[PDB]
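Encoded as structure tokens, the structure appears first; notes follow it.
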Amino acid sequence: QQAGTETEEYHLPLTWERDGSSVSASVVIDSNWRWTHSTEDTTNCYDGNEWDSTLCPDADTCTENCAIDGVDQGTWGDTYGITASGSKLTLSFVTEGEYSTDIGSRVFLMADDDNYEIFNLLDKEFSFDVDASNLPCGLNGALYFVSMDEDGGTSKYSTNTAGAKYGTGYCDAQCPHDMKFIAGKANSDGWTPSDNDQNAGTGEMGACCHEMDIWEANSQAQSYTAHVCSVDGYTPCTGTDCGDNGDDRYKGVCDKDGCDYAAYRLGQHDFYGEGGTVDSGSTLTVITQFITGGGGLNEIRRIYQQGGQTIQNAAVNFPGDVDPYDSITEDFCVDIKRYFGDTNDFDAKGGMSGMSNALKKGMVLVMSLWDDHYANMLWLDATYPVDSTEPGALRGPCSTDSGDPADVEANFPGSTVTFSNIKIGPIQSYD
Ligand SMILES: [Mg+2]
Ligand SMILES: [Mg+2]
Ligand SMILES: [Mg+2]
């Protein structure tokens, strides 16, 4: 995409800490949350959930004709409900303006005005504080990493002149087709509007890359998950390579399910939630350690702190069925997927070694707040598939009727997540 000039671009300042030093950085809104309009005037190229077929008769003409515009200082709060102060960042769920309503947001941490910050997580400990207390069943306040290009694609894709400055180039291990710009081009060929998301659709291309989810959570359930792909960084896909939901789920280049460590799913129901061992009703500190052996990732450990207490991760609780792992390791992924009858696409795509090489190449930090128009977040917090009664179905305490976006947007529009005190440094010992 090219950049429009109706609105100035301002990245919202945010401080974090890198190896003991304060870093005055900023965040940028993902291009998919922006206005896409004609280069000639204010006509929308992307209008509701379909592209204008005069402006966008094919993807090449659409990319020539259409621009993504800026988010200025006032737009962060008034349009997206996003605020920051010091090292604290708050995302909102439903923000109503006079003329449009925003649902959630996704942002990336910047190194400077034109480049995302690149994190090399191997043999490091990454931590942050989160308040998930204002996230009901069906919402997900997420902090994660993805193998995006540092410049958002400007150097590789000549028709992307907007770049990381305008939050371009998102990809993840779902190979999402809902991205409006992929490989510097409008994804308007073969566009189908969503039947239940009035803002979203899907195009022929998907945007694939490795993904390390540090935190997917609401007040009721939480997981961390490693997703590896068999391709090198940001990779546009079409057709079977995208591994689309359904019959092709395990046939594409990325592991959509990932190797997940979800304490409630692993038989530890009282560990995290309202009044849990880790209490979701107040701020908590999430510590993640990327442990190496011979320079390669072999374990992803989790420690929590809250109220000055150090809380070790809850171990797998299936006595007689699965060993009491308490971290993501190769053996955990193999044994738990055998137990849950899940296809081990994590190993098929390269397993812990492939994941180690992804991390070695560097990843971009993402924070987002969203609801789920595909599966109502039931995979995170309820039972999924909804009528399944075998090991691995039960994910959290929420009803299988919870999380419909129409319901949560109507009933909990004031939901928010606050992330703070983002930190990277050497691996520490905890007791
Ligand atoms: Mg043409
Ligand atoms: Mg850097
Ligand atoms: Mg074609």
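Just so we're on the same page: first chain in the structure tokens is A, next is B, and so on; residues restart at 1 for each chain, and ligands are numbered from 1 in the order they show up.
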8 Å contact set for range 382-394 of chain A, only C-alpha atoms, chain neighbours under 2 positions out, as number ranges by chain: A: 264-266, 339-340, 377-380, 396-400, 402
Restricting it to N, CA, C and O atoms, dump the selection as an mmCIF file, in the first residue's frame.
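Printed below is again_1.cif as written:
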data_model
loop_
_atom_site.group_PDB
_atom_site.id
_atom_site.type_symbol
_atom_site.label_atom_id
_atom_site.label_comp_id
_atom_site.auth_asym_id
_atom_site.auth_seq_id
_atom_site.Cartn_x
_atom_site.Cartn_y
_atom_site.Cartn_z
ATOM 1 N N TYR A 264 -5.579 -24.516 32.381
ATOM 2 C CA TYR A 264 -6.930 -25.055 32.697
ATOM 3 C C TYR A 264 -7.130 -26.293 31.808
ATOM 4 O O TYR A 264 -7.593 -27.347 32.275
ATOM 5 N N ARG A 265 -6.768 -26.200 30.515
ATOM 6 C CA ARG A 265 -6.878 -27.345 29.610
ATOM 7 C C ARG A 265 -6.040 -28.523 30.075
ATOM 8 O O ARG A 265 -6.362 -29.694 29.806
ATOM 9 N N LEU A 266 -4.979 -28.240 30.824
ATOM 10 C CA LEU A 266 -4.036 -29.250 31.289
ATOM 11 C C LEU A 266 -4.385 -29.733 32.683
ATOM 12 O O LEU A 266 -3.576 -30.346 33.328
ATOM 13 N N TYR A 339 -2.081 -37.533 23.776
ATOM 14 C CA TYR A 339 -3.152 -37.670 24.750
ATOM 15 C C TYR A 339 -4.448 -37.012 24.319
ATOM 16 O O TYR A 339 -5.576 -37.568 24.533
ATOM 17 N N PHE A 340 -4.323 -35.820 23.707
ATOM 18 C CA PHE A 340 -5.494 -35.065 23.278
ATOM 19 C C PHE A 340 -5.994 -35.506 21.870
ATOM 20 O O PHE A 340 -6.993 -34.941 21.368
ATOM 21 N N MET A 377 -14.052 -17.635 20.762
ATOM 22 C CA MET A 377 -12.988 -17.776 21.793
ATOM 23 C C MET A 377 -13.178 -19.054 22.647
ATOM 24 O O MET A 377 -12.587 -19.198 23.700
ATOM 25 N N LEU A 378 -13.996 -20.008 22.178
ATOM 26 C CA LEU A 378 -14.345 -21.183 23.008
ATOM 27 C C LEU A 378 -13.127 -22.099 23.186
ATOM 28 O O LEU A 378 -12.964 -22.791 24.209
ATOM 29 N N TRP A 379 -12.261 -22.053 22.154
ATOM 30 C CA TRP A 379 -10.979 -22.765 22.189
ATOM 31 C C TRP A 379 -10.080 -22.329 23.287
ATOM 32 O O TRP A 379 -9.193 -23.060 23.716
ATOM 33 N N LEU A 380 -10.294 -21.114 23.805
ATOM 34 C CA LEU A 380 -9.469 -20.586 24.871
ATOM 35 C C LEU A 380 -10.099 -20.802 26.229
ATOM 36 O O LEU A 380 -9.405 -21.070 27.220
ATOM 37 N N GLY A 396 -11.792 -24.139 29.600
ATOM 38 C CA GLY A 396 -11.941 -23.158 30.649
ATOM 39 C C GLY A 396 -13.339 -23.195 31.186
ATOM 40 O O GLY A 396 -14.139 -24.083 30.801
ATOM 41 N N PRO A 397 -13.663 -22.246 32.069
ATOM 42 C CA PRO A 397 -14.906 -22.285 32.824
ATOM 43 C C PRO A 397 -16.102 -21.662 32.127
ATOM 44 O O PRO A 397 -17.222 -21.711 32.660
ATOM 45 N N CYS A 398 -15.902 -21.101 30.944
ATOM 46 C CA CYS A 398 -16.982 -20.358 30.288
ATOM 47 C C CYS A 398 -17.985 -21.290 29.601
ATOM 48 O O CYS A 398 -17.670 -22.398 29.107
ATOM 49 N N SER A 399 -19.214 -20.805 29.516
ATOM 50 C CA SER A 399 -20.246 -21.539 28.782
ATOM 51 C C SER A 399 -19.918 -21.720 27.294
ATOM 52 O O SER A 399 -19.292 -20.850 26.668
ATOM 53 N N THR A 400 -20.380 -22.817 26.691
ATOM 54 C CA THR A 400 -20.265 -22.947 25.254
ATOM 55 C C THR A 400 -21.183 -21.970 24.499
ATOM 56 O O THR A 400 -21.052 -21.819 23.312
ATOM 57 N N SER A 402 -21.049 -18.772 25.284
ATOM 58 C CA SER A 402 -20.413 -17.464 25.528
ATOM 59 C C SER A 402 -19.631 -17.011 24.300
ATOM 60 O O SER A 402 -19.387 -17.800 23.359
#
Within 9 Å of ligand 1, counting only C-alpha atoms and all ligand atoms, which protein or nucleic acid residues do you find, written as a PDB file with N, CA and C atoms, in the first residue's frame?
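The resulting file, selection07.pdb, is reproduced below:
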ATOM      1  N   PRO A  57     -11.048  -3.072  -9.542  1.00  0.00           N
ATOM      2  CA  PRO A  57     -11.548  -4.126 -10.417  1.00  0.00           C
ATOM      3  C   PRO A  57     -10.636  -5.354 -10.412  1.00  0.00           C
ATOM      4  N   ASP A  58      -9.345  -5.162 -10.115  1.00  0.00           N
ATOM      5  CA  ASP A  58      -8.424  -6.284  -9.837  1.00  0.00           C
ATOM      6  C   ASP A  58      -7.374  -5.793  -8.841  1.00  0.00           C
ATOM      7  N   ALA A  59      -6.565  -6.702  -8.268  1.00  0.00           N
ATOM      8  CA  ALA A  59      -5.671  -6.269  -7.178  1.00  0.00           C
ATOM      9  C   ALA A  59      -4.634  -5.221  -7.586  1.00  0.00           C
ATOM     10  N   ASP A  60      -4.142  -5.324  -8.840  1.00  0.00           N
ATOM     11  CA  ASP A  60      -3.106  -4.415  -9.297  1.00  0.00           C
ATOM     12  C   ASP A  60      -3.659  -3.018  -9.450  1.00  0.00           C
ATOM     13  N   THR A  61      -4.901  -2.925  -9.951  1.00  0.00           N
ATOM     14  CA  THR A  61      -5.510  -1.599 -10.139  1.00  0.00           C
ATOM     15  C   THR A  61      -5.856  -1.049  -8.772  1.00  0.00           C
TER      16      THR A  61
END
Contacts with ligand 2 at most 6 Å, only C-alpha atoms and all ligand atoms counted, listed as a list in words: residues 111, 117 and 118 of chain A
Neighbour list for residue 249 in chain A as a PyMOL selection string, cut-off 12 Å, only C-alpha atoms, skip fewer than 5 positions in-chain: chain A and resi 173-175+239-244+254-258+342-345
Can you tell me, as a CSV table (one decimal) with C-alpha atoms, in the first residue's frame, what residues are no more than 12 Å from residue 319 in chain A when counting only C-alpha atoms, ignoring any on the same chain fewer than 4 positions away?
chain,number,residue,atom,x,y,z
A,266,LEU,CA,-4.0,-29.2,31.3
A,267,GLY,CA,-6.2,-30.1,34.3
A,268,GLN,CA,-5.3,-27.1,36.6
A,315,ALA,CA,2.2,-28.6,35.9
A,323,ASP,CA,4.0,-36.8,32.9
A,324,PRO,CA,3.8,-33.6,35.0
A,325,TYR,CA,5.6,-31.3,32.5
Nearest to residue 270 in chain A by atom-to-atom distance, counting only C-alpha atoms, from A:336, A:422, A:221, A:68: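 Closest residue, counting only C-alpha atoms: A:221.
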Pick from A:64, A:189, A:30, A:47, whichever lies nearest to ligand 3 using only C-alpha atoms and all ligand atoms: A:189
Test item, strand (DSSP E) assignment across range 22-125 of chain A, answer as a ChimeraX atom specification: /A:22-29,36-38,46-47,50-51,66-68,83-85,88-92,94-96,101-103,105-112,115-116,118-119,124-125
All residues 6 Å or closer to range 165-168 of chain A, only C-alpha atoms, same chain fewer than 5 positions away omitted, as an NGL selection string: :A and (28-31 or 113-114 or 152)
Go ahead and save the residues from that selection, with N, CA and C atoms, as an mmCIF file, in the first residue's frame.
data_model
loop_
_atom_site.group_PDB
_atom_site.id
_atom_site.type_symbol
_atom_site.label_atom_id
_atom_site.label_comp_id
_atom_site.auth_asym_id
_atom_site.auth_seq_id
_atom_site.Cartn_x
_atom_site.Cartn_y
_atom_site.Cartn_z
ATOM 1 N N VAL A 28 2.400 1.465 16.940
ATOM 2 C CA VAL A 28 1.762 1.884 15.704
ATOM 3 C C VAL A 28 0.542 1.017 15.459
ATOM 4 N N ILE A 29 -0.526 1.578 14.882
ATOM 5 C CA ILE A 29 -1.765 0.780 14.630
ATOM 6 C C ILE A 29 -1.567 -0.111 13.366
ATOM 7 N N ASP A 30 -1.945 -1.394 13.428
ATOM 8 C CA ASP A 30 -1.932 -2.263 12.253
ATOM 9 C C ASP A 30 -2.759 -1.685 11.093
ATOM 10 N N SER A 31 -2.195 -1.755 9.875
ATOM 11 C CA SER A 31 -2.846 -1.254 8.668
ATOM 12 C C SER A 31 -4.305 -1.708 8.468
ATOM 13 N N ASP A 113 10.678 5.648 13.718
ATOM 14 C CA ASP A 113 9.445 5.941 12.987
ATOM 15 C C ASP A 113 9.211 4.989 11.823
ATOM 16 N N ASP A 114 10.249 4.265 11.389
ATOM 17 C CA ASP A 114 10.137 3.485 10.160
ATOM 18 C C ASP A 114 10.386 2.012 10.338
ATOM 19 N N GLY A 152 8.187 -3.658 7.781
ATOM 20 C CA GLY A 152 6.804 -3.883 7.360
ATOM 21 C C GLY A 152 6.617 -4.260 5.880
#
All residues 8 Å or closer to residue 71 in chain A, only C-alpha atoms, same chain fewer than 5 positions away omitted, as a tab-separated table (two decimals) with N, CA, C and O atoms, in the first residue's frame:
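As a result, result_15.tsv now contains:
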chain	number	residue	atom	x	y	z
A	7	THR	N	-4.59	12.50	7.04
A	7	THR	CA	-4.36	12.52	8.48
A	7	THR	C	-2.87	12.28	8.75
A	7	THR	O	-2.27	11.39	8.15
A	8	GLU	N	-2.29	13.07	9.65
A	8	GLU	CA	-0.86	12.87	10.01
A	8	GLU	C	-0.71	11.52	10.73
A	8	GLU	O	-1.63	11.12	11.47
A	9	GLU	N	0.45	10.87	10.55
A	9	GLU	CA	0.80	9.67	11.33
A	9	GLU	C	1.57	9.97	12.59
A	9	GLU	O	2.67	10.56	12.54
A	10	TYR	N	1.04	9.54	13.73
A	10	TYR	CA	1.71	9.72	15.02
A	10	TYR	C	1.77	8.40	15.73
A	10	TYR	O	0.71	7.73	15.86
A	11	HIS	N	2.98	7.96	16.09
A	11	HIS	CA	3.07	6.69	16.89
A	11	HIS	C	2.93	7.03	18.37
A	11	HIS	O	3.66	7.93	18.87
A	29	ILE	N	-0.53	1.58	14.88
A	29	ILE	CA	-1.77	0.78	14.63
A	29	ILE	C	-1.57	-0.11	13.37
A	29	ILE	O	-1.12	0.36	12.34
A	34	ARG	N	-6.97	0.69	9.63
A	34	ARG	CA	-6.92	2.04	9.08
A	34	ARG	C	-7.98	2.23	8.00
A	34	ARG	O	-8.57	1.24	7.52
A	76	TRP	N	-5.87	8.22	18.39
A	76	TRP	CA	-5.62	7.04	19.26
A	76	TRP	C	-6.70	6.88	20.28
A	76	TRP	O	-7.30	5.78	20.41
Residues near residue 207 in chain A, cut-off 10 Å, only C-alpha atoms, skip fewer than 3 positions along chain, as a list in words: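 The neighbour list is residues 148, 169, 170, 171, 172, 173, 174, 175, 176, 177, 178, 179, 181, 182, 183, 234, 235, 236, 237, 238 and 242 of chain A.
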All helix (DSSP H, G or I) positions in range 26-177 of chain A, as a PyMOL selection string: chain A and resi 31-33+59-65+73-80+164-166
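Using only C-alpha atoms and all ligand atoms for every distance, the candidate list A:136, A:104, A:20, A:190 yields A:190 as the residue closest to ligand 3.
Of note, CA of residue 291 in chain A and CA of residue 125 in chain A are spaced 8.6 Å apart.
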Residue with smallest distance to residue 147 in chain A - pool A:81, A:233, A:70, A:184, counting only C-alpha atoms: A:233
Å distance separating CA of residue 381 in chain A from CA of residue 224 in chain A, one decimal place: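 Value for the CA of residue 381 in chain A-CA of residue 224 in chain A distance: 13.2 Å.
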Of the listed residues A:205, A:359, A:82, A:107, that which approaches ligand 3 most closely, counting only C-alpha atoms and all ligand atoms: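 Of A:205, A:359, A:82, A:107, the one nearest ligand 3 is A:205, counting only C-alpha atoms and all ligand atoms.
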Gap from CA of residue 80 in chain A to CA of residue 375 in chain A - Å, one decimal: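 Value for the CA of residue 80 in chain A-CA of residue 375 in chain A distance: 23.9 Å.
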